[PDB]
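Asks: Chains as they are written, first to last, in the authors' numbering: chain Y, 106 to 210; chain G, 99 to 196; chain Z, 50 to 196; chain o, 26 to 57; chain H, 98 to 318; chain A, 39 to 250; chain I, 113 to 223; chain B, 52 to 507. Don't be surprised by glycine CBs; every beta carbon is placed ideally from N, CA and C.
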Amino acid sequence: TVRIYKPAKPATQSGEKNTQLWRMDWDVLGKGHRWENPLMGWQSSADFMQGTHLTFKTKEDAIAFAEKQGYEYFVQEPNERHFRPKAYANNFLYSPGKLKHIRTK
Amino acid sequence: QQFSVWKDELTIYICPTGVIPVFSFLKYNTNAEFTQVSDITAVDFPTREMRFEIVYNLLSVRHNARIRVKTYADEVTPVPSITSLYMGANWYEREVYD
Amino acid sequence: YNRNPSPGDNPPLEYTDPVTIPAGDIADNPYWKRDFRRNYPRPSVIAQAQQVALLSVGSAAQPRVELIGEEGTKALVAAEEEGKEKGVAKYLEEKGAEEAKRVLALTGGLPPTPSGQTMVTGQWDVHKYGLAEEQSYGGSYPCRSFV
Amino acid sequence: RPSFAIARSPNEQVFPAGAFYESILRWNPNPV
Amino acid sequence: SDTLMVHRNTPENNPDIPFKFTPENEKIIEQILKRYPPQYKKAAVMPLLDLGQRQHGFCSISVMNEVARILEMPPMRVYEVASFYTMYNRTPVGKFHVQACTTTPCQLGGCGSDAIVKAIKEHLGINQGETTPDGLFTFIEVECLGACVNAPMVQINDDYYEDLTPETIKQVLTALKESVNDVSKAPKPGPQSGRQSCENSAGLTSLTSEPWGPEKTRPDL
Amino acid sequence: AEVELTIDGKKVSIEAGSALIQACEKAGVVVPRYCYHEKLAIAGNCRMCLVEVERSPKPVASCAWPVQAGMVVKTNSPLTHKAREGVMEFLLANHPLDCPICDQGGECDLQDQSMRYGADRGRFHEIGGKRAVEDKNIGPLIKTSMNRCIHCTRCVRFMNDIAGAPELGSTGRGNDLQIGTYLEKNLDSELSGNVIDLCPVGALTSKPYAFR
Amino acid sequence: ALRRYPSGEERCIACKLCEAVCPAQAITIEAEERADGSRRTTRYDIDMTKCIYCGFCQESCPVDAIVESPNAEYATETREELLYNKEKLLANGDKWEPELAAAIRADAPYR
Amino acid sequence: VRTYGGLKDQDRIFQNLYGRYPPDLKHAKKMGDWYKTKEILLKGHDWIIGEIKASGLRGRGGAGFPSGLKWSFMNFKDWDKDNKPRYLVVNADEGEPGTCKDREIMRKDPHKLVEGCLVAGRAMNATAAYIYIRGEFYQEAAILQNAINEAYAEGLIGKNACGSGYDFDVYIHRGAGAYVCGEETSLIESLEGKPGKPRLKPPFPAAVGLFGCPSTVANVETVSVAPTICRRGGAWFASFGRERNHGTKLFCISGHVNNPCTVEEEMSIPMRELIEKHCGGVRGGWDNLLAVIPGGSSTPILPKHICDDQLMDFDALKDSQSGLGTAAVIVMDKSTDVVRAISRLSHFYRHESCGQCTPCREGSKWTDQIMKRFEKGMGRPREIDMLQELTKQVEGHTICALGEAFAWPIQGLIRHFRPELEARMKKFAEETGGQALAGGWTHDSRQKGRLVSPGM
Ligand SMILES: Cc1cc2nc3c(=O)[nH]c(=O)nc-3n(C[C@H](O)[C@H](O)[C@H](O)COP(=O)(O)O)c2cc1C
Ligand code: SF4
Ligand code: SF4
Ligand code: SF4
Ligand code: SF4
Ligand code: SF4
Ligand code: FES
Ligand code: FES
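#1: Residue ranges of each beta strand (DSSP E) run of no fewer than 3 residues wholly in the region 143 to 200 of chain B, ordered along the chain?
#2: Quick check on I70(Z) - is its C-beta less than 8 Å from some C-beta in chain G?
#3: Pairing CB atoms from the region 65 to 72 of chain A with CB atoms from the region 130 to 146 of chain A, are three or more of them under 8 Å?
#4: Sorry if obvious, but does the Cβ on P135(I) come closer than 7 Å to a heavy atom of ligand 5?
#5: Using a Cβ cut-off of 9 Å, pull out every chain Z residue sitting near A220(I), in sequence order please.
#6: Verify the contact flag: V103(H), CB atom, against every heavy atom of ligand 3, threshold strictly below 7 Å.
#7: What residues from the region 134 to 158 of chain I come within 7 Å of chain A, judged by C-beta to C-beta, listed N to C?
#8: If contact means a Cβ-Cβ distance below 7 Å, which residues of the region 71 to 105 of chain Z contact chain A?
#9: Any beta-carbon of chain H closer than 8 Å to the one on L204(Y)?
#10: Taking just the CA atoms, how far does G206(B) sit from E40(A)?
#11: Would you identify the three-state DSSP class for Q181(Y), choosing helix, strand or coil?
#12: Under the assumption that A342(B) contacts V389(B) (Cβ atoms under 8 Å), give the Cβ distance between them as a whole number of angstroms.
#13: Any C-beta of chain B sitting closer than 8 Å to the C-beta of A194(Y)?
#14: For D384(B), report the span of its beta strand (DSSP E) as first-last.
#15: Verify the CB distance criterion: does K162(Y) have a CB-CB separation below 8 Å to chain B?
#16: Quick one: any contact between the region 114 to 126 of chain A and the region 151 to 171 of chain A, if contact means 3 or more CB pairs under 8 Å?
#17: Taking DSSP's pairing of strands, which residues face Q148(Y) in a bridge?
#18: Identify every residue that forms a DSSP beta bridge with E144(I).
#19: By alpha-carbon positions, which one of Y220(A), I165(A), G82(A) and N213(A) ends up nearest to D173(A)?
#20: In chain order, what residues of the same chain lie with their CB nearer than 7 Å to the CB of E235(B), ignoring the 5 residues before and after it?
#21: Whole angstroms are fine: how far does the CA of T409(B) sit from the CA of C84(A)?
#22: Expressed to the nearest angstrom, what Euclidean distance is found between the alpha-carbon atoms of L159(Y) and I461(B)?
#23: Using a Cβ cut-off of 8 Å, pull out every chain B residue sitting near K191(Y), in sequence order please.
#24: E205(A): which of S51(A), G218(A) and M184(A) sits nearest, CA to CA?
#25: Determine which residues of the region 224 to 238 of chain A have a Cβ less than 8 Å from any Cβ of chain H, and write them out in chain order.
#26: Residues of the region 177 to 201 of chain A with a CB closer than 8 Å to any CB of chain I: list them in chain order, please.
#27: Would you please state the rounded distance, in angstroms, between the beta carbons of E130(Z) and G121(Z)? I believe it to be under 8 Å.
#28: Who are the neighbours of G186(B) on chain A, taking C-beta pairs under 8 Å?
#29: Just to check, is the beta-carbon of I239(B) closer than 7 Å to a non-hydrogen atom of ligand 5?
#30: From the DSSP output, in three-state form, read off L362(B) for me.
#31: Identify, in the order they occur along the chain, each residue of the same chain with its Cβ nearer than 7 Å to the Cβ of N183(I), setting aside the five sequence neighbours on each side.
#32: Can you tell which of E193(G), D142(G) and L183(G) has its C-alpha closest to the C-alpha of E173(G)?
#33: Going by the beta-carbon positions, is the gap between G240(A) and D141(A) smaller than 8 Å?
#34: For a cutoff of 8 Å on Cβ pairs, would you count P254(B) as touching chain Y?
#35: What does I125(I) touch in chain A if you count any residue whose Cβ is under 7 Å from its own?
#36: Report the neighbours of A489(B) on chain Z: residues whose CB is nearer than 9 Å to its CB, in chain order.
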């Protein structure tokens, strides 16, 4: 099974460059993805698809390629931000009552 | 279908059926004497329905010029061989097929 | 004389890493003025619809008609939708042989010639291969020196 | 090492409060 | 100089020592809180830090903690105010806080403000930053104190001794030093060398005639 | 009541009272930022998002500027190019040369926007050197390397407004303004490790993750 | 070879720049905080049967930790002898350091 | 055709500049203060705004914004359809090097400031006036509050201001040692119990200010004249100084003059006339004057060849790429180091930056370090152009104007004293053995095994 999804924006950065395209990725199997090589401690693999991913402009393209090759696939739709307007002046609203929170710039 | 100019490189975009007529014209026309095939290769674009882009690079020694011709292909849609117009094209097409 | 001194005993203090002062100044070089990577040319793409429009109403360097403000903006977009609907072939076929002569009239009557790839003479052109005044083999061997 | 000015007793005023802070206990927003 | 922007836990400085405002000092606070909107009690943090400084000697973390408790501010919000404003002595000081203005106007004006520091540094024998072994004079340079026409000048606790000369500042410290025993020996505030506040030392060029009052006014009320 | 405005010559519509940076994101225009985060209060202190607005003499903070009925915004003019280069220069003047030893390396917005919007070389060569600041203990989860701090205020705004833990703040003034708890204490929030991600720099990093 | 400071501390701080730039993926690194809290490696292996001897690691290293020695006469009986771990590389740096410093001394102006 | 300057005592305003009277109300009432305060209150708030507009009065805190327009921002469309209080904030902060006028008003004639807040408050319909006095002015705050208590006791201010039916409160808030708190938003945030970090504007205090309410911030001097403006007339004030620079100005003269003092004078006065007939001239004569800073350290330096024929107002000082500022005149004779006098100012600003924004918190420290190196000539001349462009990317890129306050003085010194900067770079090179690298390192740094990058 391949996964078809839009990669989420990393929580560590504000750049959204890697969220623009659709990614096709192979799910890791229960056995054979990784194991420790006894000699060096390196990480061996039996999964020839482990380092392979495909990039698509639209998910219909990704689905079309997956149907054509015969991959089982699962489509994960992207979570979208819920818009809410933001205003700098809201940091300084008048409080008719108990302050309820003390702001620090 | 279209042409594009980037810096000094002219690319010509054609439908697969016209491969023989277009390269005949580029070989034999008096104002297009691209009598050598520099290179034939392919690029893969899985997001495209015609996933394979076929790229031909030609050389005109008489006019000291180069041209690029692009067509497209699929897993089951062939392209006309240009071996009847260019002997050098024989191994380049085997490489694209391989 | 040969490799004396050894490069491993070249005094390190003598060599100076050079810096060109426009690119390496501390005062008058903003990066964006020399950022030639981000000023890369986009490919200029012309489809069949665009050439029909370029034939119907000319270009910005040379228009075909006046196209003055109103009734010209709609006239200009007419040349676009016509280009989309009928390609170059159908356009020429309706207009006839005179249009065909007009396409060659763009290139001065004769069809154009491919651009050359050397600018030594100042213009793009073929390289004018000619026999060198000094033939290295003279004439005693079947090899000729071209300059 | 050097001794400083810290209130040794909890009811000690280290620094005189000041003229400005006496004109606050004298402040009265009602006319006489 | 070497003022830290983080707390350092010392036997004279930790949350363990309790601070309470005196019953006399609480009366001041009650009037202070009256002059702000009640839900913006936190606007009185600057006044109340000043009172804790005057009662305790310095702005200790304990004064900071009690000020926060009175105004129900989180203590970090009080730590931010106290560390942003330089008048809050978050480290203990001596009895007298000598503060010499060394911004450019005082540097230039009258005698060199360099000389006032030179006099001060030889009267107490300590550089900028530290306090005398007797603990009567902590000395530091400060920024423009607002008395530039009277340059050079100096502040000690709440006073602007101005129009200074290396001998004049020298004798001021003595008068302040002897004042710890007899109150009447304290030096007079203001500028020295005869000048009153800011007028010309060579006679008034203005405000010589009798002042005008309400006798002249626009006739239309 | 979506107003209509122009950014880089292309029209975008957005609700009134929205910040200009929100309209740029809606229009697909990329605007550099450090202090601004969609989930935090607007700060306006980093100066990275300055853009050219017609009928506005000073370049403007696109995170704090409200959208209007007919404004025209130029985010790729020489003025915008000059603002980003200058602000990046100030951000890097005192920034420590620690990317080999910093855990943000490879996922750093200061490195990525220096490569994208800044110059290629630095001009800070002062003999007096850089600012250096002492490290702070704020619990077992967050390793601090406070020289890397760029004073965006994201960790204070999150800890105060979002997490309800008003123990993180900033003390001092000027170049010596320092983020931390004024007295070393554990940060008592079960949401504390969100500051590690919010931090654009590696000033607040995960202690268990350190160097791995 | 892996190099030290004059004090004997390791030059390597586990930046992973050499592991990332390596055109042949010949370097494998693991790292954590050392007992003293220093950023150091726990694994530093170079597969000498993957390495193309291009100097990219030495160019990428910000502390001059990884270098190529002038030595070329180390042919081995078995292939396993060409799987260098951190012990083998630090021993190589200890033995070759005067050459390593001399080569760095001569060419550092051009680097 | 007419020369401005030398206004007579009968046409002054601050008749107590030199402390001839106690600050009590007895003497204040003798001087016209609190004379017709009731009638002025009963007049419409449009009338007071018109009178301040007519006088041509501009803000005296440094910016020169016309006061009548400024105070009119507060009377927006529907100011009467809300329950929020409305605040007048007198800026009695005074951290600008050179100026001393504000302390004099507060200690010589407090009741002009108290009667100004009342008058200025009714023009913009404020419920309370807050006076923010710098915390080192401890004595002046005491005298101001004593007047406030006495004004409170007479019914002059409070519930029924002079019997006019106008509720108004006047309060004192002391600062605690920050020059940034004289900024308008920094003052507002300092008043609310926060570090004095300026706010960004669009939120404009007229809309959202102190405690989130409509607030106007006005300098001490521009408030203390509004009542005597109305009592004498806007036309009377719009007769001194040039067309857009009207009225009288408090000039604080300091530095290398024989008698530094504080005198009231007239806008558009020749600068030379002001120093010579009120401060005894320049030390060593007018021919000994090297340069002066006209309006406080935030304004650029002016050299002799322009100081000869310079008028003291906004427009003229702007024409010579300087500013009137707070009329704080600091003069240097020929026996000074002008670079050191400006390096001290760069050190002033590095200590006064709040640290909120990047170009100022980092730029002020950076420019200060370069200024220290420029004292000793420890750099190459191309770094002078580097410093000039550093100031340019600070300028206009900051949240508040403290950023210009430290960019302009450096620009003025580069503009007018570059050879002096070039000179000591020559001297320092003549000693070390070569031109110094960028950043202050000696020519021979690479020889001595220092870390030196190409292009430095
Ligand atoms: C850094 C800085 C410091 C300032 N300090 C003062 C000050 O001490 N007093 C003052 O009246 N204005 C000061 N200002 C100017 C004020 O922001 C404001 O223009 C003035 O207080 C009120 O305007 P007005 O002059 O029209 O009354 C300062 C401005 C800045 C940027
Ligand atoms: S925070 Fe970014 S720029 Fe600074 S050291 Fe870490 S990775 Fe490098
Ligand atoms: S520690 Fe990080 S998140 Fe907090 S202010 Fe500094 S850079 Fe921003
Ligand atoms: S050898 Fe150098 S580049 Fe590789 S991890 Fe160690 S320090 Fe980083
Ligand atoms: S020399 Fe070997 S280990 Fe170093 S980068 Fe090249 S291939 Fe990788
Ligand atoms: S310009 Fe300076 S004082 Fe003003 S907000 Fe920025 S850092 Fe603070
Ligand atoms: S400069 Fe020293 S008091 Fe103003
Ligand atoms: S993102 Fe707008 S100023 Fe930081």
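Replies: Here's the rundown:
#1: 179 to 184
#2: If you number the third sequence from 1, residue 70(Z) lands on position 21. Output row for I70(Z): interface = no.
#3: no
#4: Within the seventh sequence, the letter at position 23 stands for residue 135(I). Result yes, Cβ under 7 Å from ligand 5.
#5: On the seventh sequence, position 108 is the one that residue 220(I) refers to. Residues of chain Z passing the Cβ test: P61.
#6: By one-based count along the fifth sequence, residue 103(H) stands at place 6. Answer for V103(H): no, Cβ out of range of ligand 3.
#7: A143, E144, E145 and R151
#8: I75, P79, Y80 and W81
#9: Locating residue 204(Y) in the first sequence gives position 99, counting from the first residue. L204(Y) counts as touching chain H.
#10: Counted from its first residue, the sixth sequence places residue 40(A) at position 2. Counted from its first residue, the eighth sequence places residue 206(B) at position 155. So the two alpha carbons sit approximately 52 Å from each other.
#11: Taking the first residue of the first sequence as 1, we reach residue 181(Y) at position 76. Here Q181(Y) sits in strand by DSSP.
#12: Counting from one through the eighth sequence, the residue named residue 342(B) turns up at place 291. Counting from one through the eighth sequence, the residue named residue 389(B) turns up at place 338. Contact flag correct, Cβ pair sits at about 6 Å.
#13: As a position in the first sequence, residue 194(Y) is number 89, starting the count at 1. For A194(Y), the answer is yes, since a Cβ of chain B falls inside 8 Å of its Cβ.
#14: On the eighth sequence, position 333 is the one that residue 384(B) refers to. Segment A379 to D384, the beta strand (DSSP E) holding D384(B).
#15: Taking the first residue of the first sequence as position 1, residue 162(Y) is located at position 57. Chain B, which has no Cβ nearer than 8 Å to the Cβ of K162(Y), makes this no.
#16: yes
#17: Sequence index remark: in the first sequence, residue 148(Y) carries index 43 (1-based). DSSP lists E141(Y) as partners of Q148(Y).
#18: As a working note, residue 144(I) is residue 32 in the seventh sequence. BP columns for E144(I) point to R152(I).
#19: The residue labelled residue 173(A) in the question sits at position 135 within the sixth sequence. The shortest Cα separation from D173(A) among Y220(A), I165(A), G82(A) and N213(A) belongs to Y220(A).
#20: Here residue 235(B) corresponds to residue number 184 of the eighth sequence, with the count starting at 1. Result list for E235(B): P256 and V268, in chain order.
#21: In the sixth sequence, the residue the question calls residue 84(A) occupies position 46. In the eighth sequence, the residue the question calls residue 409(B) occupies position 358. A direct Cα-to-Cα measurement between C84(A) and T409(B) gives close to 5 Å.
#22: On the first sequence, position 54 is the one that residue 159(Y) refers to. On the eighth sequence, position 410 is the one that residue 461(B) refers to. Take the alpha-carbon of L159(Y) and the one of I461(B): they are about 57 Å apart.
#23: Here residue 191(Y) refers to the residue found at position 86 of the first sequence. Within chain B, no residue has its beta carbon less than 8 Å from that of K191(Y); the closest one is some 13 Å off.
#24: The residue labelled residue 205(A) in the question sits at position 167 within the sixth sequence. That would be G218(A), whose Cα lies nearest to the Cα of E205(A).
#25: none
#26: none
#27: Here residue 130(Z) corresponds to residue number 81 of the third sequence, with the count starting at 1. Here residue 121(Z) corresponds to residue number 72 of the third sequence, with the count starting at 1. That pair is no contact at about 15 Å.
#28: For the purposes of this step, residue 186(B) is identified with residue 135 of the eighth sequence, where counting begins at 1. Per Cβ cutoff of 8 Å: no residues; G186(B) is ~15 Å from chain A at best.
#29: Numbered from its first residue, the eighth sequence carries residue 239(B) at position 188. No.
#30: The sequence position of residue 362(B) within the eighth sequence is 311, counting from 1. If DSSP states are grouped into helix, strand and coil, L362(B) belongs with the strands.
#31: Stepping through the seventh sequence from its first residue, residue 183(I) is reached at position 71. Excluding positions up to five away in sequence, the list reads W208.
#32: Here residue 173(G) is taken as the residue at index 75 of the second sequence, counted from 1. That would be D142(G), whose Cα lies nearest to the Cα of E173(G).
#33: Residue mapping note: residue 240(A) aligns to position 202 of the sixth sequence, counting from 1. Residue mapping note: residue 141(A) aligns to position 103 of the sixth sequence, counting from 1. Contact flag set, yes.
#34: For the purposes of this step, residue 254(B) is taken as residue 203 along the eighth sequence, with counting starting at 1. Yes, contact with chain Y.
#35: Here residue 125(I) refers to the residue found at position 13 of the seventh sequence. Contact annotation for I125(I) against chain A: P138 and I139 [CB-CB distance below 7 Å, chain order].
#36: Counted from its first residue, the eighth sequence places residue 489(B) at position 438. The contacting residues are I75.
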